[PDB]
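What follows is one structure encoded as structure tokens, with my remarks underneath.
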Amino acid sequence: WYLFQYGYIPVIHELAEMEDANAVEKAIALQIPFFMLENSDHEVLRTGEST
Amino acid sequence: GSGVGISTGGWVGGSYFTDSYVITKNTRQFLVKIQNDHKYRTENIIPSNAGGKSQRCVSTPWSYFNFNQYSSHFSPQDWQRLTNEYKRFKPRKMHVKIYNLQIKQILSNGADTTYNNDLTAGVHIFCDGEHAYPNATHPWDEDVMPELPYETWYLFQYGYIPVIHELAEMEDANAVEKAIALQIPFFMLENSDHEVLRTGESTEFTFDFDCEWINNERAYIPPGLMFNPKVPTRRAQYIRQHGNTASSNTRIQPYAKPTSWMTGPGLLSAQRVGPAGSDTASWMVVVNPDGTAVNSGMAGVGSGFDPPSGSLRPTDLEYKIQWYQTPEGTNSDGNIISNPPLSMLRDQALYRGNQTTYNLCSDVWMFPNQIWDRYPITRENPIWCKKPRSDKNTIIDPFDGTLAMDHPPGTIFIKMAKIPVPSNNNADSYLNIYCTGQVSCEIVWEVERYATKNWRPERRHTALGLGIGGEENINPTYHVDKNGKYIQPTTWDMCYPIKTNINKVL
Amino acid sequence: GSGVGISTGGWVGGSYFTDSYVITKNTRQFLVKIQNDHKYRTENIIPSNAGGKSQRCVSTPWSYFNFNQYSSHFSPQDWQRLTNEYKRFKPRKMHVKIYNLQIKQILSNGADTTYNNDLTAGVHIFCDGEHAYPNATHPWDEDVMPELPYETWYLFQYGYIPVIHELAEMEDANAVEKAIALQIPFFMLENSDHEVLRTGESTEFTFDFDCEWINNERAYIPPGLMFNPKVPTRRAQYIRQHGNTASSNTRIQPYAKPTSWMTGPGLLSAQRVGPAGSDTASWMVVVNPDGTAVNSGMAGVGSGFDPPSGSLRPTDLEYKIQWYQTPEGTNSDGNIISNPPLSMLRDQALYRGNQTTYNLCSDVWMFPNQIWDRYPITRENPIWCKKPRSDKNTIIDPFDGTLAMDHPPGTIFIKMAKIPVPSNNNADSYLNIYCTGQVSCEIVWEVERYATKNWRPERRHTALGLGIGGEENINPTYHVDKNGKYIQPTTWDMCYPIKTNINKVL
């Protein structure tokens with residue numbers, strides 16, 4: 001079983017393309033969330049550990 | 001102890017925030033005056049330009065307190081702190097006191113008028129907790145407790161609509177018109193047991209809420225957009241032959257993954273009709289059972305339904321909720337027009353492939369696997385509405401954002417005790433009196449704080465979004481000018497709506 | 001149990017907010033490499049264009065952890081929530097773990113290099129809690145823990161300045177130059193008892209803070225402006241005769257009431273000097289006891305003091321604090337320049353009446369009845385500084401906003417154990433190794449929530465103040481672009497400073 005890389009869609013792209021000047025396009029873009037999984041407490045294992 | 005020269009309470013005010021709950025305390029000075037000549041009347045309201053719309057009302061001597069509004073309970077400071085710091089809130093408990101009452105006699109000689117108190121006079125206070133009477137309050141009306149705690153609250157006269165008027169007009173001879181009319185109910189509030197107070201007495205009322213939460217969190221993507229764009233999909237799609245382009249069967253693209261979820265319902269087809277004096281709505285809900293002649297247009301029979309759009313994008317300003325911030329507001333001056341919160345659940349649309357392009361389908365009825373958000377509510381929205389008692393109903397989400405309740409807070413009715421005076425020839429001559437007093441409303445609000453794993457900053461409500469107005473145009477919004485007038489928000493964002501600041505992961 | 005194939009800890013991360021306290025958890029991956037050829041050296045740092053400024057450093061084999069920064073402990077989400085919801089915070093307890101260590105050997109054949117672990121190798125970890133050694137860390141340096149939790153943290157080599165160099169240059173014959181030189185201290189970290197770890201061992205360190213609060217509240221008026229403008233005053237004023245205008249004695253106006261309070265101190269007189277390569281500061285603090293020849297300009301003898309302004313309004317950009325947001329920032333590109341918070345305690349000035357107009361007096365020394373605010377601090381500021389041990393000092397408020405401490409968090413020093421290899425002719429040939437591991441820092445922060453009686457909304461930090469940049473210029477601030485690069489705030493407001501949002505009544 002080969003793992004697949006994790007990824008997510010943060011914003012609808014066409015809304016935030018912010019071509020030229022648009023006030024609401026600018027606002028949607030500044031609100032784009034960003035998630036790192038390192039902010040969580042998780043576990044690190046070596047070859048003798050299991051979970 | 002207690003007596004004439006002893007106060008029955010004191011002023012409460014402010015707001016107390018904790019992580020679990022919020023308590024808002026509000027006191028107002030109110031004025032009760034004699035309404036409707038101490039008598040019940042049933043009058044026809046028939047304006048000239050309404051295009052056939054006419055109603056009959058039963059006007060009473062009674063007046064009532066209306067607490068349904070956010071601006072009344074929360075200050076702009078308290079509201080900001082609520083919508084910034086909490087992802088959920090609902091009203092829990094509500095306690096009302098009426099105290100420090102003063103009944104005075106009005107002696108009108110002429111241009112001059114004098115005011116003398118009468119200690120033996122009294123005031124009737126009735127609270128209807130079982131909802132045995134027609135509901136006094138309706139959302140968006142102007143009768144609510146004032147926003148500024150030092151402003152005086154003038155009661156509004158109680159009245160109700162006993163029958164659809166056009167049905168019971170009973171012009172010429174009709175059998176069903178006659179039958180509907182003989183069944184018209186008539187409600188007096190004196191059939192109830194209520195309380196009479198003098199100037200040293202006070203009263204208290206408690207109310208519990210059975211409610212659904214108001215949700216302050218925002219959706220950053222549509223529910224149909226949640227997938228990993230990298231991972232390929234097993235699904236295949238078939239494109240029928242159209243033009244010279246031959247048919248094809250192929251695997252769906254990894255970025256194109258189809259959603260299992262659907263647009264919330266709403267009706268965009270209709271347009272408003274006729275003169276403004278008439279009832280003007282794109283959609284008109286009528287009750288016209290049988291029998292009774294059609295007579296005028298459906299405006300007289302019907303009620304009318306807006307906002308029709310629900311979660312769908314309003315095409316134009318006819319479909320958007322808008323109100324006036326002050327009772328003096330007229331003709332597109334001082335009106336606040338709702339805007340999109342920029343939540344992805346809040347605005348939605350459906351398009352229908354014709355094999356060439358997509359076309360917006362206007363009527364989205366209720367359908368399985370639909371998701372949407374309730375209307376984002378500001379301080380200027382009413383809190384709750386009365387849910388009509390019936391056998392069957394669909395999902396209940398009033399499009400005005402209110403919380404429908406089986407038993408909202410019971411209306412408190414209040415009336416000046418009629419003091420008759422003798423008369424040589426028999427007439428109704430009451431003594432002319434009025435009462436002013438203090439009413440305090442304490443609501444306990446259940447709240448929940450947010451915790452997010454988002455890295456980036458989130459939107460918040462800032463005083464930097466506010467505007468500046470006044471006579472000298474130097475004062476900011478939610479402040480007072482040099483005449484004492486209170487600067488009202490000009491735009492919908494200055495009202496600090498919910499479903500904006502706090503993100504959620506769908 | 002414990003062993004080679006067992007991990008000694010796990011990743012901790014995040015932030016936990018309560019009304020009483022906040023806990024920030026951070027874990028990083030760090031890299032230790034052999035520094036300075038395992039030897040102490042004392043070198044002269046003498047750049048060509050510095051205009052006589054030259055220093056001598058003692059370089060060591062050791063490296064150290066530097067936790068002093070806000071960006072390292074708080075995310076932009078956590079920082080926003082802190083500065084919006086709390087009026088006070090201070091660091092309370094700090095716990096550091098070093099674990100999951102991996103020592104590897106570097107086999108350099110050529111263009112290719114291979115890496116093999118050696119389980120018997122070890123790493124020295126020394127924490128100095130008594131501050132018996134020259135402090136490793138200095139505010140605003142680039143060596144701090146990374147902001148992004150997935151970025152690798154490269155240790156920086158430890159070194160210290162043993163003597164002012166120009167004093168001890170001891171050119172020709174001087175008696176006091178000879179004496180200063182013979183007293184030069186020399187510190188080795190091996191005189192201490194410290195710990196040696198192998199790949200299965202871990203270590204822990206606790207630190208307590210004795211601190212003063214950081215205050216997040218804002219002042220809406222100056223302290224001299226607090227009075228009732230209506231009430232008249234008893235005070236009289238005397239205006240000496242000037243021109244044809246005769247003298248007068250008169251009562252002070254009710255709106256003009258004089259303050260009993262004074263502008264905070266600051267020095268605006270001086271200007272920066274000379275080429276950028278030199279140490280350039282408006283004010284230069286020198287120690288030149290006696291004896292030693294003047295030689296070059298004072299730049300070599302002195303340290304230099306900025307920001308000089310303190311609470312006073314910076315006249316120009318020379319007096320403003322500015323830094324670079326990335327180490328690649330050069331030449332007014334990527335530099336953030338401090339701005340006024342619009343707090344009335346923060347910016348101040350004094351003017352001196354000459355009988356005609358007022359003139360700004362540049363040097364405001366410390367004077368009784370002065371009030372000011374500390375510098376408003378962002379995430380990009382260091383948290384604390386080392387307070388030098390001395391007999392006497394004045395009020396301690398570093399103009400960089402840091403918290404001066406008698407005993408800051410002790411520096412943790414770390415070094416690769418020297419593994420010697422045999423040699424036929426006697427030379428120093430060490431085995432070439434390096435260690436990577438995981439360090440977790442947990443700080444407990446004591447906080448206090450605000451309660452205000454203000455009616456109106458207050459300013460908050462919003463993501464709507466952020467900018468948009470990147471390669472494609474589509475990504476917002478505090479996000480990553482398509483190359484993995486992290487978008488940095490362009491302006492000082494995007495850094496969310498304190499002393500802005502929350503009002504206080506002076």
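Order determines the names: the first chain of the structure tokens is A, the second B, and so forth; residues in each chain are numbered 1 upward, and ligands are numbered 1 upward as they are shown.
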
Would you list the contacts of residue 378 in chain C as number ranges by chain, taking every protein, DNA or RNA residue within 6 Å and counting only C-alpha atoms, but skipping same-chain residues closer than 5 positions in sequence?
C: 495-497

Up to 10 Å from chain B, what residues of chain C turn up? Count only C-alpha atoms and give them as a VMD selection string.
chain C and resid 14 to 19 74 to 81 84 to 85 148 451 to 466 476 to 479 494 496 501

Once you have the residues from the selection above, write them out as a compact mmCIF listing (two decimals), in the first residue's frame, restricted to N, CA, C and O atoms.
```txt
# COMPACT_ATOMS: atom_id res chain seq x y z
N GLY C 14 0.97 23.73 19.25
CA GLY C 14 -0.29 24.39 19.47
C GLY C 14 -0.26 25.38 20.61
O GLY C 14 0.77 25.73 21.18
N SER C 15 -1.46 25.85 20.94
CA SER C 15 -1.66 26.84 21.98
C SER C 15 -2.99 26.57 22.65
O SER C 15 -3.98 26.24 21.99
N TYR C 16 -3.01 26.74 23.96
CA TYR C 16 -4.19 26.46 24.76
C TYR C 16 -4.53 27.71 25.55
O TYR C 16 -3.78 28.12 26.44
N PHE C 17 -5.66 28.32 25.22
CA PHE C 17 -6.09 29.59 25.78
C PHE C 17 -7.10 29.36 26.88
O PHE C 17 -8.07 28.63 26.70
N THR C 18 -6.88 29.99 28.03
CA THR C 18 -7.87 30.11 29.08
C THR C 18 -7.90 31.56 29.52
O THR C 18 -7.07 32.37 29.10
N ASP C 19 -8.88 31.91 30.34
CA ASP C 19 -8.98 33.28 30.82
C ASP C 19 -7.81 33.63 31.73
O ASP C 19 -7.37 34.78 31.77
N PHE C 74 4.30 32.16 19.19
CA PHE C 74 2.92 32.38 18.81
C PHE C 74 2.77 32.33 17.30
O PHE C 74 3.62 32.85 16.58
N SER C 75 1.71 31.71 16.84
CA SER C 75 1.33 31.79 15.44
C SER C 75 0.60 33.09 15.18
O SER C 75 0.16 33.76 16.11
N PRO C 76 0.46 33.49 13.92
CA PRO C 76 -0.32 34.70 13.64
C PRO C 76 -1.75 34.60 14.12
O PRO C 76 -2.37 35.61 14.45
N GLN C 77 -2.30 33.39 14.14
CA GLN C 77 -3.62 33.16 14.71
C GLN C 77 -3.59 33.34 16.21
O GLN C 77 -4.45 34.01 16.78
N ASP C 78 -2.59 32.76 16.87
CA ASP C 78 -2.50 32.83 18.32
C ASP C 78 -2.20 34.24 18.77
O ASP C 78 -2.71 34.70 19.80
N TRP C 79 -1.34 34.94 18.04
CA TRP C 79 -1.00 36.30 18.40
C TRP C 79 -2.20 37.21 18.26
O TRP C 79 -2.48 38.02 19.16
N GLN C 80 -2.92 37.11 17.15
CA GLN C 80 -4.13 37.90 16.97
C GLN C 80 -5.09 37.69 18.11
O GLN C 80 -5.65 38.65 18.66
N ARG C 81 -5.32 36.44 18.49
CA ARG C 81 -6.26 36.15 19.55
C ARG C 81 -5.78 36.70 20.88
O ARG C 81 -6.58 37.08 21.73
N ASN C 84 -6.12 40.65 20.75
CA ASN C 84 -7.51 41.07 20.73
C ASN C 84 -8.22 40.80 22.05
O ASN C 84 -9.06 41.61 22.47
N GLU C 85 -7.96 39.67 22.70
CA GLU C 85 -8.76 39.26 23.84
C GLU C 85 -8.20 39.60 25.21
O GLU C 85 -8.93 39.45 26.19
N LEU C 148 8.15 29.07 11.43
CA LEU C 148 7.39 27.95 10.88
C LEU C 148 7.81 26.66 11.57
O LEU C 148 8.99 26.32 11.58
N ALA C 451 -12.36 44.12 30.61
CA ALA C 451 -13.77 44.49 30.66
C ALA C 451 -13.85 46.01 30.56
O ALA C 451 -13.12 46.71 31.25
N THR C 452 -14.72 46.50 29.68
CA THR C 452 -14.83 47.92 29.43
C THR C 452 -16.28 48.37 29.58
O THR C 452 -17.21 47.61 29.33
N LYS C 453 -16.45 49.61 30.02
CA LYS C 453 -17.74 50.27 30.03
C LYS C 453 -17.96 51.13 28.81
O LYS C 453 -18.95 51.86 28.74
N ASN C 454 -17.04 51.09 27.86
CA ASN C 454 -17.22 51.82 26.62
C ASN C 454 -18.42 51.29 25.85
O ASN C 454 -18.67 50.08 25.82
N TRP C 455 -19.17 52.19 25.25
CA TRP C 455 -20.35 51.82 24.48
C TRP C 455 -19.97 51.37 23.08
O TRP C 455 -20.49 50.37 22.58
N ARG C 456 -19.05 52.08 22.46
CA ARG C 456 -18.78 51.94 21.05
C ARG C 456 -17.87 50.76 20.77
O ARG C 456 -17.22 50.24 21.67
N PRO C 457 -17.80 50.31 19.52
CA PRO C 457 -16.85 49.27 19.18
C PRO C 457 -15.42 49.78 19.26
O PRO C 457 -15.16 50.98 19.18
N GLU C 458 -14.50 48.85 19.41
CA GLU C 458 -13.09 49.16 19.50
C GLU C 458 -12.33 48.53 18.34
O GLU C 458 -12.81 47.61 17.69
N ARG C 459 -11.15 49.08 18.08
CA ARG C 459 -10.29 48.54 17.05
C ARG C 459 -9.85 47.12 17.40
O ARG C 459 -9.70 46.78 18.57
N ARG C 460 -9.68 46.30 16.37
CA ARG C 460 -9.17 44.95 16.51
C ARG C 460 -8.21 44.69 15.36
O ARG C 460 -8.17 45.45 14.39
N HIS C 461 -7.43 43.62 15.47
CA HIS C 461 -6.57 43.22 14.36
C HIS C 461 -7.32 42.27 13.46
O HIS C 461 -7.86 41.26 13.92
N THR C 462 -7.35 42.58 12.17
CA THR C 462 -8.14 41.84 11.21
C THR C 462 -7.22 41.31 10.12
O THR C 462 -6.20 41.92 9.78
N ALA C 463 -7.58 40.16 9.56
CA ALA C 463 -6.88 39.67 8.38
C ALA C 463 -7.09 40.59 7.19
O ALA C 463 -6.40 40.46 6.18
N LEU C 464 -8.04 41.52 7.29
CA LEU C 464 -8.32 42.43 6.18
C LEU C 464 -7.27 43.52 6.09
O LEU C 464 -7.23 44.27 5.11
N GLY C 465 -6.40 43.62 7.10
CA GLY C 465 -5.30 44.56 7.01
C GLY C 465 -4.09 43.95 6.32
O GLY C 465 -3.14 44.65 5.97
N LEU C 466 -4.12 42.64 6.11
CA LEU C 466 -2.98 41.95 5.54
C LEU C 466 -2.85 42.25 4.06
O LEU C 466 -3.80 42.72 3.42
N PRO C 476 -2.00 35.48 0.21
CA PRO C 476 -1.99 36.51 1.25
C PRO C 476 -0.80 36.37 2.19
O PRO C 476 -0.02 35.42 2.12
N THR C 477 -0.69 37.33 3.09
CA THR C 477 0.39 37.33 4.06
C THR C 477 0.22 36.19 5.05
O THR C 477 -0.90 35.78 5.35
N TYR C 478 1.34 35.68 5.54
CA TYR C 478 1.43 34.55 6.45
C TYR C 478 0.95 33.26 5.81
O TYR C 478 0.40 32.41 6.49
N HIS C 479 1.16 33.12 4.52
CA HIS C 479 0.82 31.92 3.78
C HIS C 479 2.06 31.53 2.98
O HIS C 479 3.08 32.21 3.02
N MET C 494 0.69 44.99 9.67
CA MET C 494 0.47 43.57 9.42
C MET C 494 1.13 42.69 10.47
O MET C 494 0.85 41.49 10.51
N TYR C 496 0.68 43.17 13.66
CA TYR C 496 -0.22 43.21 14.80
C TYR C 496 0.46 43.67 16.09
O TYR C 496 0.71 42.87 16.99
N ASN C 501 -5.66 48.01 20.28
CA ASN C 501 -7.06 47.62 20.27
C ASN C 501 -7.82 48.12 21.49
O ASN C 501 -8.84 48.81 21.36
```

Please determine the contact residues of chain A with respect to chain C at a cut-off of 9 Å, counting only C-alpha atoms, and supply them as a PyMOL selection string.
chain A and resi 16-18+26-27+29-34+36+38-49

Just-selected residues, N, CA and C atoms written as a PDB file, in the first residue's frame:
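Printed below is result_18.pdb as written:
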```
ATOM      1  N   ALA A  16     -10.600  34.183  -5.978  1.00  0.00           N
ATOM      2  CA  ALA A  16      -9.439  34.849  -5.409  1.00  0.00           C
ATOM      3  C   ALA A  16      -8.350  35.140  -6.431  1.00  0.00           C
ATOM      4  N   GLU A  17      -8.597  34.899  -7.722  1.00  0.00           N
ATOM      5  CA  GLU A  17      -7.605  35.264  -8.730  1.00  0.00           C
ATOM      6  C   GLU A  17      -7.270  36.747  -8.673  1.00  0.00           C
ATOM      7  N   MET A  18      -8.186  37.558  -8.146  1.00  0.00           N
ATOM      8  CA  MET A  18      -7.990  38.984  -7.866  1.00  0.00           C
ATOM      9  C   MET A  18      -7.338  39.720  -9.034  1.00  0.00           C
ATOM     10  N   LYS A  26     -10.341  40.787  -3.121  1.00  0.00           N
ATOM     11  CA  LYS A  26      -9.277  41.038  -2.162  1.00  0.00           C
ATOM     12  C   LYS A  26      -9.640  40.492  -0.791  1.00  0.00           C
ATOM     13  N   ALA A  27     -10.913  40.589  -0.415  1.00  0.00           N
ATOM     14  CA  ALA A  27     -11.326  40.185   0.923  1.00  0.00           C
ATOM     15  C   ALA A  27     -11.352  38.671   1.058  1.00  0.00           C
ATOM     16  N   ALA A  29      -9.527  36.636  -0.481  1.00  0.00           N
ATOM     17  CA  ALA A  29      -8.159  36.141  -0.524  1.00  0.00           C
ATOM     18  C   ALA A  29      -7.461  36.308   0.818  1.00  0.00           C
ATOM     19  N   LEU A  30      -7.687  37.430   1.487  1.00  0.00           N
ATOM     20  CA  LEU A  30      -7.032  37.652   2.765  1.00  0.00           C
ATOM     21  C   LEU A  30      -7.508  36.691   3.839  1.00  0.00           C
ATOM     22  N   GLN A  31      -8.627  36.016   3.624  1.00  0.00           N
ATOM     23  CA  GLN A  31      -9.201  35.091   4.584  1.00  0.00           C
ATOM     24  C   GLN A  31      -8.822  33.647   4.327  1.00  0.00           C
ATOM     25  N   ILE A  32      -7.963  33.384   3.352  1.00  0.00           N
ATOM     26  CA  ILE A  32      -7.652  31.998   2.995  1.00  0.00           C
ATOM     27  C   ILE A  32      -6.989  31.308   4.174  1.00  0.00           C
ATOM     28  N   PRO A  33      -7.556  30.236   4.704  1.00  0.00           N
ATOM     29  CA  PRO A  33      -6.932  29.551   5.831  1.00  0.00           C
ATOM     30  C   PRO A  33      -5.716  28.757   5.394  1.00  0.00           C
ATOM     31  N   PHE A  34      -4.833  28.515   6.351  1.00  0.00           N
ATOM     32  CA  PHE A  34      -3.646  27.718   6.091  1.00  0.00           C
ATOM     33  C   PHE A  34      -3.422  26.783   7.260  1.00  0.00           C
ATOM     34  N   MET A  36      -1.200  23.709   8.978  1.00  0.00           N
ATOM     35  CA  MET A  36      -0.003  22.905   9.133  1.00  0.00           C
ATOM     36  C   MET A  36      -0.350  21.807  10.119  1.00  0.00           C
ATOM     37  N   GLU A  38       1.753  20.464  12.056  1.00  0.00           N
ATOM     38  CA  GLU A  38       2.713  20.480  13.148  1.00  0.00           C
ATOM     39  C   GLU A  38       2.186  21.239  14.355  1.00  0.00           C
ATOM     40  N   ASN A  39       1.136  22.039  14.184  1.00  0.00           N
ATOM     41  CA  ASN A  39       0.536  22.713  15.330  1.00  0.00           C
ATOM     42  C   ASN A  39      -0.096  21.720  16.288  1.00  0.00           C
ATOM     43  N   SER A  40      -0.361  20.513  15.824  1.00  0.00           N
ATOM     44  CA  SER A  40      -0.914  19.480  16.677  1.00  0.00           C
ATOM     45  C   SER A  40       0.182  18.763  17.461  1.00  0.00           C
ATOM     46  N   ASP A  41      -0.216  18.168  18.576  1.00  0.00           N
ATOM     47  CA  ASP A  41       0.621  17.228  19.304  1.00  0.00           C
ATOM     48  C   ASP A  41       0.425  15.856  18.684  1.00  0.00           C
ATOM     49  N   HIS A  42       1.486  15.286  18.132  1.00  0.00           N
ATOM     50  CA  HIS A  42       1.417  13.936  17.606  1.00  0.00           C
ATOM     51  C   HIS A  42       2.613  13.136  18.089  1.00  0.00           C
ATOM     52  N   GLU A  43       2.735  11.927  17.568  1.00  0.00           N
ATOM     53  CA  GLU A  43       3.706  10.968  18.057  1.00  0.00           C
ATOM     54  C   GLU A  43       4.805  10.729  17.039  1.00  0.00           C
ATOM     55  N   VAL A  44       6.016  10.539  17.543  1.00  0.00           N
ATOM     56  CA  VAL A  44       7.166  10.175  16.730  1.00  0.00           C
ATOM     57  C   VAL A  44       7.581   8.773  17.133  1.00  0.00           C
ATOM     58  N   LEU A  45       7.747   7.899  16.153  1.00  0.00           N
ATOM     59  CA  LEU A  45       8.094   6.517  16.422  1.00  0.00           C
ATOM     60  C   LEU A  45       9.429   6.172  15.793  1.00  0.00           C
ATOM     61  N   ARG A  46      10.179   5.331  16.484  1.00  0.00           N
ATOM     62  CA  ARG A  46      11.332   4.661  15.923  1.00  0.00           C
ATOM     63  C   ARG A  46      10.973   3.209  15.626  1.00  0.00           C
ATOM     64  N   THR A  47      11.969   2.442  15.192  1.00  0.00           N
ATOM     65  CA  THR A  47      11.687   1.149  14.583  1.00  0.00           C
ATOM     66  C   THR A  47      11.164   0.138  15.593  1.00  0.00           C
ATOM     67  N   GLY A  48      11.312   0.416  16.887  1.00  0.00           N
ATOM     68  CA  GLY A  48      10.826  -0.523  17.880  1.00  0.00           C
ATOM     69  C   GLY A  48       9.493  -0.132  18.477  1.00  0.00           C
ATOM     70  N   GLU A  49       9.036   1.078  18.202  1.00  0.00           N
ATOM     71  CA  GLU A  49       7.758   1.563  18.690  1.00  0.00           C
ATOM     72  C   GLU A  49       6.609   1.174  17.762  1.00  0.00           C
TER      73      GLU A  49
END
```

Using only C-alpha atoms, which residues sit within 9 Å of residue 409 in chain B once same-chain residues fewer than 5 positions away are excluded, as a PDB file with C-alpha atoms, in the first residue's frame?
```
ATOM      1  CA  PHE B  67     -37.933  42.671  23.662  1.00  0.00           C
ATOM      2  CA  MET B  94     -34.904  35.786  30.527  1.00  0.00           C
ATOM      3  CA  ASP B 128     -49.354  35.595  28.444  1.00  0.00           C
ATOM      4  CA  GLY B 129     -47.111  32.596  28.894  1.00  0.00           C
ATOM      5  CA  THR B 206     -39.222  34.570  34.163  1.00  0.00           C
ATOM      6  CA  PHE B 207     -38.928  32.883  30.784  1.00  0.00           C
ATOM      7  CA  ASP B 208     -37.009  29.825  29.663  1.00  0.00           C
ATOM      8  CA  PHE B 209     -35.881  29.271  26.090  1.00  0.00           C
ATOM      9  CA  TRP B 384     -36.911  35.057  17.619  1.00  0.00           C
TER      10      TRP B 384
END
```

As an MDAnalysis selection string, please: the residues near range 48-58 of chain B (cut-off 6 Å, only C-alpha atoms, same-chain neighbours under 3 positions excluded).
chainID B and resid 41:45 159:161 165 277:278 296 299:300

So how far away is CA of residue 138 in chain C from CA of residue 332 in chain C, in Å?
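Here the two named atoms are 23.3 Å from each other.
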